[PDB]
Amino acid sequence: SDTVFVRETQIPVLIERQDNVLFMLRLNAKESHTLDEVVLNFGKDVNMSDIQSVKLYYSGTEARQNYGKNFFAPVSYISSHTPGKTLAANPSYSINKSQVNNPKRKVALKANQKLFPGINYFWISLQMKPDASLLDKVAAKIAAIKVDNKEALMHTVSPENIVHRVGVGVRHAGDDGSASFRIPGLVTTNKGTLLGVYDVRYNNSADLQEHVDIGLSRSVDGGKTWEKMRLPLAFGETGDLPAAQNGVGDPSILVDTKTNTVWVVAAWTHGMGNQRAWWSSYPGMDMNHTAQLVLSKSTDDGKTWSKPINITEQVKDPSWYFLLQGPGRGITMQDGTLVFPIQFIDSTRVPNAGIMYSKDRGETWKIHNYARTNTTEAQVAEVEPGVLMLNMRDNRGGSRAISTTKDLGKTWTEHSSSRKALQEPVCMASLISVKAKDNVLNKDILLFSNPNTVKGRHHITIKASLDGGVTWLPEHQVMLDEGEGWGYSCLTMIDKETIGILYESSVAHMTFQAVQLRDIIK
Ligand SMILES: O=C(CO)N[C@H]1[C@H]([C@@H](O)[C@H](O)CO)OC(C(=O)O)=C[C@@H]1O
């Protein structure tokens, strides 16, 4: 007989999307003629009232040289890059064979599809209602598949007990006339307001130098809805150079918890033609030679933003090629000191990560010594009072480098977890510390997020540690995005019980997801 192979997806279901890939079906029809229907059963706890529709699409066949490669689709069904074409399945790739609006817990999708004498691809689409809850979870099973009016044998290659989580596409390719959005940062203000910052890359997805601003999405309802985009940092035709030679990017955001003043730091590149700032910034101090470290602050819960504050003169050694913040977020230590992770290419052209701190509420800043050589992007958290843990992208590859300091970066101690506990593909990673009194578990925890792999940027994962970063137990992890993406992410606590994550996913340039703390630590 012919067997219908089923692969359930593990990717965010965007609430605003008209389509979301839920299942993929492959059928090599050696003895099959017609695929009549597919029967689907949603889980007992699923709220069907939040589901707008369920659809069955046919996507044709496969190239004969690709038979036996165990592919479940011939092409990407829903684009995350085509401006204005990221909300619905591409009609040229997928034929809508059936649709059920306002479905019941048991859904029958009739297809009546004449099968190609060979490989046939189908997939199931799930469309949520615009008002769907961020925390409700969707589970479903394929109960039966009818082929030639008889029950077809099924073999499911994906695992059981998959939990599909929804998310909000805070930024899609093309929004507000910008080709792409990258490099997320995410914080929660003292008033519970969510602030997410990112590169707005108008012309394309290339790094600096280019036409880039720092955009900000503000949410006052826990990430359900986001306010119109703001631009805390934009330099336009500064110095009478074109905007594409005045980009600002790689933002990092922090909240001064003592005052609720919000700070955003970024790297403004001036000149440099159309080349990458990583090898186009040079020693010196002024805009005409080296990238400038600029700040903007908000004293009204992120609604309005000040003019840029250039602190390059305070902290940059003139012999460095490039000084910039570590993208993502900063912190406020228990004693009130503000800390931003930073990275600089030194006089030998080697990058090193470290921290930059202010004891006077952000008026003056300081850098002492690097934590480790040949490291770049890093995130910092106060694991225990007075002890700063820096988690660093390591160009040696394969795993994160972790170090700690007790004197604000004058001296560093290599952590036991360094270069062993947390694998990476040399990407950016998020690290936050949540203190016992500020979370529902009444335990000090560390939350870490990154592509859980050594090659490629996929399987974006949040990991939790209860012993200050010594151990990251497998049962304390949630895999949110199996698809391929740009890999950058940033974490925050929405509330004492829920984590928020803003990251570059396979379904949207800026994707927001909410994960219950008890979901990770059960
Ligand atoms: O060029 C700059 C400096 O502004 N930043 C890049 C960064 C590199 O700096 C990398 O960390 C060193 O190779 O890479 C990525 C990325 O998504 O992989 C994004 C940043 O935009």
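Sequential numbering from 1 along the given sequence is applied to the chain's residues. First listed ligand is number 1; within each ligand, the first listed atom is number 1.
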* Do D519 and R165 meet the salt-bridge criterion of a basic N to acidic O distance under 4.0 Å? -> yes

* Structure fact -> Residue pairs meeting salt bridge (charged side-chain N to carboxylate O under 4.0 Å, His left out), one or both in residues 192-201, sequence neighbours left out, come to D199-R201, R201-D207

* With sequence neighbours left out, what residues match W263 under ring-ring contact (aromatic ring centres under 6.0 Å, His included)? -> none

* Could I get the full list of ring-ring contact (aromatic ring centres under 6.0 Å, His included) partners for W486, not counting sequence neighbours? => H81, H509

* Asked: Per the side-chain hydrogen bond (donor to acceptor under 3.5 Å, both in side chains) rule, which among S80, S506, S489, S505 passes with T511?
  -> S505

May I have a table of the N/O to N/O pairs between ligand 1 and the protein that fall below 3.5 Å, each row giving the two atom names and the distance to 0.1 Å?
{"from": "ligand 1", "atom 1": "4 (O)", "to": "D250", "atom 2": "OD2", "distance (Å)": "3.1"}
{"from": "ligand 1", "atom 1": "5 (N)", "to": "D250", "atom 2": "OD2", "distance (Å)": "3.3"}
{"from": "ligand 1", "atom 1": "11 (O)", "to": "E377", "atom 2": "OE2", "distance (Å)": "3.1"}
{"from": "ligand 1", "atom 1": "11 (O)", "to": "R393", "atom 2": "NH1", "distance (Å)": "3.4"}
{"from": "ligand 1", "atom 1": "14 (O)", "to": "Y488", "atom 2": "OH", "distance (Å)": "3.2"}
{"from": "ligand 1", "atom 1": "17 (O)", "to": "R182", "atom 2": "NH1", "distance (Å)": "2.8"}
{"from": "ligand 1", "atom 1": "17 (O)", "to": "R182", "atom 2": "NH2", "distance (Å)": "2.4"}
{"from": "ligand 1", "atom 1": "17 (O)", "to": "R457", "atom 2": "NH1", "distance (Å)": "3.3"}
{"from": "ligand 1", "atom 1": "17 (O)", "to": "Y488", "atom 2": "OH", "distance (Å)": "3.2"}
{"from": "ligand 1", "atom 1": "18 (O)", "to": "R457", "atom 2": "NH1", "distance (Å)": "3.2"}
{"from": "ligand 1", "atom 1": "18 (O)", "to": "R457", "atom 2": "NH2", "distance (Å)": "3.1"}
{"from": "ligand 1", "atom 1": "18 (O)", "to": "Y488", "atom 2": "OH", "distance (Å)": "3.2"}
{"from": "ligand 1", "atom 1": "21 (O)", "to": "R201", "atom 2": "NH2", "distance (Å)": "3.1"}
{"from": "ligand 1", "atom 1": "21 (O)", "to": "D207", "atom 2": "OD1", "distance (Å)": "2.9"}
{"from": "ligand 1", "atom 1": "21 (O)", "to": "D250", "atom 2": "OD1", "distance (Å)": "3.2"}

* Would you call the rings of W320 and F344 parallel, tilted or perpendicular if under 30° counts as parallel and over 60° as perpendicular? -> parallel

